[PDB]
Asks: 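Okay, handing you the structure first.
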Amino acid sequence: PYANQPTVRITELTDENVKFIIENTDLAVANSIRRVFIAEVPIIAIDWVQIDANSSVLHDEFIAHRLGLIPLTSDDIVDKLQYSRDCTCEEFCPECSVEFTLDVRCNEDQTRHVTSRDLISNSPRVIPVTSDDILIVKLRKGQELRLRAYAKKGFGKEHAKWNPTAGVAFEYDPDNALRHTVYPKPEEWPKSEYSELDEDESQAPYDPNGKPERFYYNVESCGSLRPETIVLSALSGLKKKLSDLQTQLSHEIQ
Amino acid sequence: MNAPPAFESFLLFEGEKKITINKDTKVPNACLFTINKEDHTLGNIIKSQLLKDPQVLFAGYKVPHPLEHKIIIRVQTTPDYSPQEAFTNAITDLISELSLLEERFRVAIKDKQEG
Amino acid sequence: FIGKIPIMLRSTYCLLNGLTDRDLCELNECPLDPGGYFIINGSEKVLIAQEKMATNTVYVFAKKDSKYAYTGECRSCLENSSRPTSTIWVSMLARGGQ
Amino acid sequence: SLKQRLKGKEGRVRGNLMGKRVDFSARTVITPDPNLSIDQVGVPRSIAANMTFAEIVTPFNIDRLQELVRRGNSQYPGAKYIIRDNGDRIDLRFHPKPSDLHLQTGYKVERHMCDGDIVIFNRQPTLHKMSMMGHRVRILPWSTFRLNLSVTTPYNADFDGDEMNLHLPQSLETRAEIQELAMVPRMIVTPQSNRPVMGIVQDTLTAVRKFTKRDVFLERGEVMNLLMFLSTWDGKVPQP
Amino acid sequence: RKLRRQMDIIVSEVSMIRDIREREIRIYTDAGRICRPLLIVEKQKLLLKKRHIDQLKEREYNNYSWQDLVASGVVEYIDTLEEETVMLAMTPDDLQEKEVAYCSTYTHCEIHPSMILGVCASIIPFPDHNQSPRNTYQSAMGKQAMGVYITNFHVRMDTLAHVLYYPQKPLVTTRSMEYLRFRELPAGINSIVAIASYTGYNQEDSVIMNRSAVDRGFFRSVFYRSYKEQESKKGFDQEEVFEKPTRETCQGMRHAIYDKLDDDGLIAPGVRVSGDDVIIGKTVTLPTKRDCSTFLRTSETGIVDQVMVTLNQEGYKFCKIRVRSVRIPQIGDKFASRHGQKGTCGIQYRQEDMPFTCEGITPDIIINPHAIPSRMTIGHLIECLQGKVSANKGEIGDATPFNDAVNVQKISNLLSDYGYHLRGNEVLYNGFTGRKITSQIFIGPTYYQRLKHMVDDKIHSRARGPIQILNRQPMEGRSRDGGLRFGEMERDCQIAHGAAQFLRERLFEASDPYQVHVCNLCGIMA
Amino acid sequence: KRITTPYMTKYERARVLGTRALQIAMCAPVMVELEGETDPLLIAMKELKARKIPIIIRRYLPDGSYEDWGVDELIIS
Amino acid sequence: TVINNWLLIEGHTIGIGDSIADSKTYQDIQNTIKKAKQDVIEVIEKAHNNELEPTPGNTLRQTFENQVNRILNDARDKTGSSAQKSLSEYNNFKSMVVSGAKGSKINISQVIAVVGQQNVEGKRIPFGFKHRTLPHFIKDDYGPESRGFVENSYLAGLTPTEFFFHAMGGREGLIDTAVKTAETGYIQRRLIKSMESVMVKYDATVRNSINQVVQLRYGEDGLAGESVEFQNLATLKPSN
Amino acid sequence: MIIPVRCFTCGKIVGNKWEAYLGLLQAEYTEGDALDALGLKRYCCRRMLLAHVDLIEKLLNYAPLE
Amino acid sequence: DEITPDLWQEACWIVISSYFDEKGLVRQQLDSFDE
Amino acid sequence: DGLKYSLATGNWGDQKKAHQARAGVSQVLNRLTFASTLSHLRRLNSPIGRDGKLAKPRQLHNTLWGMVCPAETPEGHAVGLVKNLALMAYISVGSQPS
Amino acid sequence: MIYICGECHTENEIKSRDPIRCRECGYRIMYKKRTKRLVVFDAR
RNA sequence: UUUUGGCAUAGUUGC
Ligand SMILES: [Mg+2]
Ligand SMILES: [Zn+2]
Ligand SMILES: [Zn+2]
Ligand SMILES: [Zn+2]
Ligand SMILES: [Zn+2]
């Protein structure tokens, strides 16, 4: 009638992705954890682009949209930052946003590449993660791009710019022991990288008493957060959501 | 034009209750929890934890419409155990599970970094 | 002077004739633009090729919207002059009508 | 000439008496929605805020229509006009005068079309009774008419770019007429060939063929999930 | 034929037809005849040799071109009249090789059969695997597809223009696309599309889209509309002047704002405008004065992109104002493959809600399985498989129609080498519950086109407004607004319903109510 | 001397409910015990089920004659 | 709702593997096509030697055309039947066909085995050129591929001549769709404008605007078409 | 028009790889080898660099209106 | 000496590329107008 | 003006006799995508005329092999009357027979 | 009232009364200068 | 301080 005792095993940990296995858990918790990786981990991404001068070939909304998609280093600052909608200010004070400034004038005849290197932050902890650098726009001789933009805390549910993951691989039952999928010709299907069968089998023998468990993860970070930070913030956020729901339920019952 | 704002899928507006309980008159000891501004993230996990309880005769959830943001969770229980009690116990179990998972994930990170 | 003739773009008399892609860019003209159209009051007008029966050729048909068993049409037209084309028919009367 | 004015498809008697442009009509692209009942039609918020229905003021709805008058056109759901007993018309997007916002029994408020309003829904060409049918309005937050999938085959419609028309009855008697004669549940059986005009369609038909196979087995959580979507369920889980 | 093939006294386009049975030699030289080049065949051998191919390989820095091929008497132009006297080989590799003889006297040989197709039909990958009506439907939809219609679109001011943010050349392409410049000006995006039944919004030729992909600019587009206007001087009857109308000096205006304009009566570029805002303040003198300023269309909205001012043919000042409007894909926008799979966006789901493979790939689009069978657009499936092979291999696939070096077996064997199921299927996981989907989903990249028919350009409603001046009924003007015709079909449909009150309400109360006074004795309106 | 059917036609039901709902919307007296009913159509339906609608249907036969049926007299389908 | 939600667990697709048959099935189809072509050549040789005799009521061209047409039809349906037998139970084409959701068995045969004869105005492809369907054939060639019998499936892809003849075949589909739309409404508006005033009067007779008896009772029984249904008279067929 | 910042499907950063991709192609790499060297394993990411058409280079031929 | 079938696939498209380099796609309109 | 009007409106023949003039020859060039522009520039229009009523022109005829596209034509009341040239199809410009 | 010449890109202050022509190249197409208002986009 | 509008064509395109 109570919680499982989930067990973690980290298989691989790089600076761009983390691979790990969770055993002793129901499918729903693992799926919700993957869902929270994708859509509920808050990061800092550019919003509120104010353009002072844009004589580039790309129109203003195009440049603003490209700026929004630049990932920003938000490893340790995002937790203590606040959502701008909740802050008590003109919507931009240092406690809920990070100012950015871009001012590029192409004077030389050669094509000038406006990269993420040219984005100057007012806070050193928040920079573009590439600082090759992400190309924003190419400028001709005599063209200018000059703007200022801020970066607010949001999560991927609101807009995909705040999604920290560059693809979350998720798997369970690599040998199809539970037969949650039914291969018409199981011999034709390649073995998963976590499969434990020999090269004469195609599926594990069917298990009627089986239950999903030993969920394999591979969380690749876009760069704005370390992958371990993505997973820890994800679990913290899901726990926070459930605790807030318990608070509201207790108020309703009372 | 008619596109809804992106923020109104997780944000409660003024005078909107996060969660509302209504007894189901068709069956004794059955309740419907309508939670606003939620999705399958909490619905599926709460349903799964409720199914783990032995005293819960029925636990299911549905999103009435994907463009709208509500989950209706129907919970029916044995006559000696209220659905509200089962719901609270399920959430406390999930919170304990995720706290334990946070602790063990931190330990695994420290081991892999030291290793 | 007798008038002004519209000029198909990128023809032998359009100013973009035989210009390299660089010069087309300097005139703000797309080098991939195929041309083949006129500019009339700023609007780009294209002449759709009109299909019509060939001329000066004998064509024998069998009409039954008339009293003839057969009919040899010949839309004879002058060469390069006198655009009005003279259509002669030589028909065989139907033997059913008697 | 005068003879040309009346003859033909676009004459006065065939272009402006047998058929004519009508007020209180909207048109837009249709899209599927399996989560609507067959008698429900999704409506964009803008169309609902643009079209109106005249609701007569009674002592039962005096407070509600007063609130809608307070909202006005800028906020949905609201109202466009107040037609007083004298017939004079007060517009609500220009008049902040609180004296003009007084309501009393016999007044009519042209309130914005809201949920549950009856609307005739049509696809041209109109070829039989089921090509125009009554639906209940459901406000959903996008720019297309959402429909149930079963009502596509009477309309002979597919969501490849088809547009459909929506007429709003403006009177209680016409609303009752559409309720009792033209609602799509009443139009299930056609008299053309004494059979149902709409059945189960592509995905759900293939899926129910696969579902009712002899060897489909569902565990406890799966059936408990499925019974949530059964509206007529009495709440008793059957014996497995 | 000797003289024509040598480019002697007879020019190439002259066509000689010998009717042997009727003993006639008709030579045609006039214009209007259609012809095409065919390779000449002599004694069951092509006159084209490897030397010509070598010279054409160095087409640059040799001055050997097509005209030298024609002059060499290897290829000649044949017209449809002379085709009746021609025995033509489809391909030299087999049709003229020695075997059990079908025809030992071939006069010409096709260059490649794929050149029978036009321009819009030649961008179809694997059109010989489709049903021909869908080839026709694609030949229309490719005309209707969004893209970068021209590289100098910035300077041009056309009345309507659609430009896609991130167009891509197709991963599965035809050879003939190299010569259409489609590789330089593509119209569409390669989309990871999964052909699967799902929550139910893809049914009946509609499409589920990945909301997170759209947030990343997937099929995001910009819509340019340009308004032109000119101030004129017609003797002394009146005079139009560009200037912002002031509320005191002109006795005719609308409730729209007039402060967006500058002192010259024109709106500056980089200013947002609603569907009623004024952009060209123009005042016509009253024999005070009146306004005839122009506003945006009622439904439209955007930012003023560019404003040019110049003198017309008459030397009168006139300006053209381009209005940028950024269009994001939403519910209702049309999309289509290169196979006639027309469909609207049924609903948009975030990335977590979409189904996903074992490697975290969510499809950009989901289409209904039932769009295929009655269609028999097998070319769509072969395109998806070939595109998956192309994306894994890192090489633009080839989908020339009548090519035997490529077939589904070879594509499947290539795909199996990359650790995928040979038929392109994959084990997808339900995005909601995380459970494996029982059947394995066919998924892979496919080239999709956004058609210009957005929902916002075709949504309109009416309560009441600009009636006619003659019929006193609603009419179309300033927008799509003006009601919908309750035609004879709808009239008789309501007659069959027996809904007399609603029919009367439609035709009389809510279209053009009126009342007249008539004498009782006579019958004429008094 | 009534020859017509004793059943309310669907058209008769439609027009009766429409007119009675309009009357109720105009503050007409209500001949049924309502409970929190605000929509005139629902009140009219409650009246029709109670057979308390005070309307007489005049059915015109195709010879100029007619028959006057009370709503209570007819069989509600 | 219930079936659409269960389908998220089941799921349904369509792919290349659903259009693939085993090698034995392809060999059988190719053997059938070879046999059909050989006996068509036999019929042609009988016709050329004046050995073919005309059937009663048909000229010799009609007799030859009927023979080759029935030959290719039986070849096509035999190949389609054999391809249908090769279908697995997991094959999604079969799942969508047996459920009646979409497609037909002919569609599966065309996708898998043989697209079949292409017809223009109910005949094989005519000699547009001088006694030829295209420049790639010899004069007076009445073989299957010469006159527009395409033998490759859509999976295998059509050859150039086969593709062109298939385009010719589909052109008639597009044109007759166009002329159907041209005749949409015209017959219907003529019928309704003849009959719109006919009504069931309160004496249960059916009369027009001028009040003339058309039927003494509607449908000769006085019953609406809504609530009638098929039954079997139990005493008509049995013997004494 | 220009290289997108994110991969449309998975969201991986791709905008910082177009110039490197072209540089590898100038080094006589097969396109598969170039994409593998840039570390794009999922074919969703590979599709974007493999199929991108860089029109901004062509748009920069026109002089700016300043 | 002669084009072998294995190389014919390259050869024919070389010919067609030369055709479109020489002529282009709108020779009809331009040649008619020049004449 | 005489050419200009005829190219501006697409009415061909005498301006004052435009009642019996052939219409739609000149059309505004369709600039929506590059493929549409090329397809519009390579377009053939077959008028109805008296001869089209004698024999049905909408059907795809065998002689259209290699000259026009076999599958490209607008739907509605224009199928088979509006065609597009094949890729390598080239129209004779005319020459003197002397 | 500043415009930019389409050809030589010269800033010209032109009144609402006089004809429009480049004061140093004679070119007859003039583009309005970008607005000095406050313009903001959310980066979505 | 409460307006508003060209008519008839021709072409193209959607279902
Ligand atoms: Mg449709
Ligand atoms: Zn703040
Ligand atoms: Zn009188
Ligand atoms: Zn990717
Ligand atoms: Zn200048």
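The basis for the numbers below is simple: all heavy atoms, side chains too, and nothing from hydrogens, waters or symmetry mates. In the text below, chain A, chain B and the rest are named by the order of the sequence lines, each starting its count at 1.
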Asks: Hey, are D:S1 and D:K3 close enough side-chain-wise for a donor-acceptor pair under 3.5 Å?
Replies: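 No - no donor-acceptor pair under 3.5 Å links their side chains.
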Asks: Side chain of E:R254: nearest nucleotide among L:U4, L:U2, L:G14?
Replies: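 Within the option list, the nearest is L:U4.
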Asks: Taking only side-chain nitrogens and oxygens of E:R290, does any of them come within less than 4.0 Å of OP1 or OP2 of L:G5?
Replies: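 For L:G5, neither OP1 nor OP2 has a side-chain N or O of E:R290 closer than 4.0 Å.
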Asks: Nearest whole Å is fine: how far is L:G14 P from E:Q449 CD?
Replies: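 About 14 Å, once rounded to whole Å.
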Asks: Below 30° counts as parallel, above 60° as perpendicular, anything between as tilted: where do the rings of E:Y258 and E:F295 land?
Replies: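 Perpendicular, since the angle between the ring planes exceeds 60°.
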Asks: Quick one: which of L:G5, L:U3, L:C15 gets closest to the side chain of D:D162?
Replies: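 Selected nucleotide: L:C15.
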Asks: Round to the nearest Å and state the distance from C:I40 atom CD1 to L:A10 atom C1'.
Replies: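 It works out to 17 Å between those atoms.
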Asks: Just by modelled atom types, is the J:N30 backbone N or O under 3.5 Å from a matching donor or acceptor in the J:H40 side chain?
Replies: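 Side chain of J:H40 to backbone of J:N30, a donor-acceptor pair under 3.5 Å: yes, one is there.
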Asks: Between the base of L:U2 and the side chain of D:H95, is there a donor and acceptor pair under 3.5 angstrom?
Replies: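 A donor-acceptor contact between them is present.
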Asks: For J:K4, is the NZ atom crowded, meaning more than 12 foreign heavy atoms sit under 6.0 Å from it?
Replies: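 Open: at most 12 neighbouring heavy atoms sit under 6.0 Å from NZ of J:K4.
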Asks: Taking the side chain of E:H255 as its heavy atoms from C-beta onward, which of L:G5, L:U3, L:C15 lies nearest to it?
Replies: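 Within the option list, the nearest is L:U3.
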Asks: Measure from the side-chain heavy atoms of D:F94 and tell me the nearest of L:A10, L:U12, L:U2.
Replies: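 The nucleotide sitting nearest to the side chain is L:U2.
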Asks: Compare the minimum distances between each of L:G6, L:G14, L:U3 and the side chain of E:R478, then state the nucleotide with the smallest one.
Replies: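 Nucleotide nearest to E:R478's side chain: L:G6.
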Asks: At 4.0 Å (heavy atoms only), tell me whether D:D158 reaches a base, stays on the sugar-phosphate, or touches nothing.
Replies: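 If one applies the 4.0 Å heavy-atom cut-off, D:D158 turns out to touch the sugar-phosphate alone, with no base involved.
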Asks: Take atom CG of E:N471 and atom P of L:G5, then tell me their distance rounded to the nearest Å.
Replies: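 From E:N471 CG to L:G5 P: 18 Å.
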Asks: What is the nucleic acid contact for D:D160, judged by heavy atoms within less than 4.0 Å: base, sugar-phosphate only, or nothing?
Replies: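 Counting heavy atoms under 4.0 Å across all strands, the contact made by D:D160 is with sugar-phosphate only.
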Asks: Measure from CE on E:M454 to P on L:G14 and round the result to the nearest Å.
Replies: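 Rounded to the whole Å, the gap is 16 Å.
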Asks: Please tell me which of the listed nucleotides, L:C7, L:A10, L:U12, lies nearest to the side chain of J:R43?
Replies: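 So the nucleotide nearest the side chain must be L:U12.
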Asks: If you assign J:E75 and E:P466 each to the RNA chain L nucleotide with the nearest heavy atom, which residue ends up on the more 5' nucleotide?
Replies: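 Nearest-nucleotide comparison on RNA chain L picks E:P466.
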Asks: Look at D:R123 and L:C15 and indicate whether a side-chain polar atom (N or O) is within less than 4.0 Å of OP1 or OP2.
Replies: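 No, because none of the side-chain N or O atoms of D:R123 sits under 4.0 Å from OP1 or OP2 of L:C15.
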Asks: Please confirm whether the shortest side-chain N or O distance from E:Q144 to OP1 or OP2 of L:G14 is below 4.0 Å.
Replies: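 Answer is yes, contact under 4.0 Å.
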Asks: Has D:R93 got more than 12 heavy atoms of other residues, nucleotides or ligands less than 6.0 Å from its CZ?
Replies: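 Yes, enclosed.
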Asks: By the 4.0 Å heavy-atom rule, please label E:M253 as base, sugar-phosphate, or nothing.
Replies: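 Result for E:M253 = nothing.
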Asks: Please give, in whole Å, the distance from L:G5 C1' to E:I467 CD1?
Replies: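 Rounded to the whole Å, the gap is 11 Å.
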Asks: Which comes earlier along RNA chain L counting from the 5' end, the contact point of J:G10 or that of D:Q124, where each point is its nearest nucleotide?
Replies: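 Its nearest nucleotide lies further toward 5', so the answer is J:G10.
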Asks: Rounding to an integer number of Å, can you tell me how far E:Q251 CD sits from L:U2 P?
Replies: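 It works out to 14 Å between those atoms.
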Asks: Are side-chain N/O atoms of E:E240 and E:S232 paired as donor and acceptor at under 3.5 Å?
Replies: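 Their side chains do contain a donor-acceptor pair, which is all the 3.5 Å distance test asks for.
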Asks: Roughly how many Å is it from CG in J:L32 to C1' in L:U12, rounded to a whole number?
Replies: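 So the CG-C1' distance, J:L32 to L:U12, works out to 12 Å.
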Asks: Would you mind classifying the nucleic acid contact of E:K342 as base, sugar-phosphate or nothing, using non-hydrogen atoms under 4.0 angstrom?
Replies: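 Sugar-phosphate, no base atom in range.
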Asks: Do the two ring centres, one from E:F219 and one from E:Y448, sit under 6.0 Å apart?
Replies: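 Aromatic pair excluded; centres sit 6.0 Å or further apart.
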Asks: Side chain of D:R27, heavy atoms from C-beta onward: which of L:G14, L:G11, L:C15 has the nearest atom to it?
Replies: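 The listed nucleotide nearest to D:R27's side chain is L:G14.
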Asks: To the nearest Å, give me how far apart CD1 (C:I48) and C1' (L:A10) are.
Replies: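 It is 14 Å, rounded to the nearest whole Å.
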Asks: Base, sugar-phosphate, or nothing for D:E163, non-hydrogen atoms under 4.0 angstrom?
Replies: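 Here D:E163 touches no strand at all.
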Asks: Heavy atoms under 4.0 Å, any strand shown: does J:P74 hit a base, just sugar-phosphate, or nothing?
Replies: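 Since only primed, P, OP1 and OP2 atoms lie under 4.0 Å of J:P74, the category is sugar-phosphate.
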Asks: Contact class for E:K143 (heavy atom, under 4.0 Å): base, sugar-phosphate, or nothing?
Replies: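 It contacts nothing in the nucleic acid.
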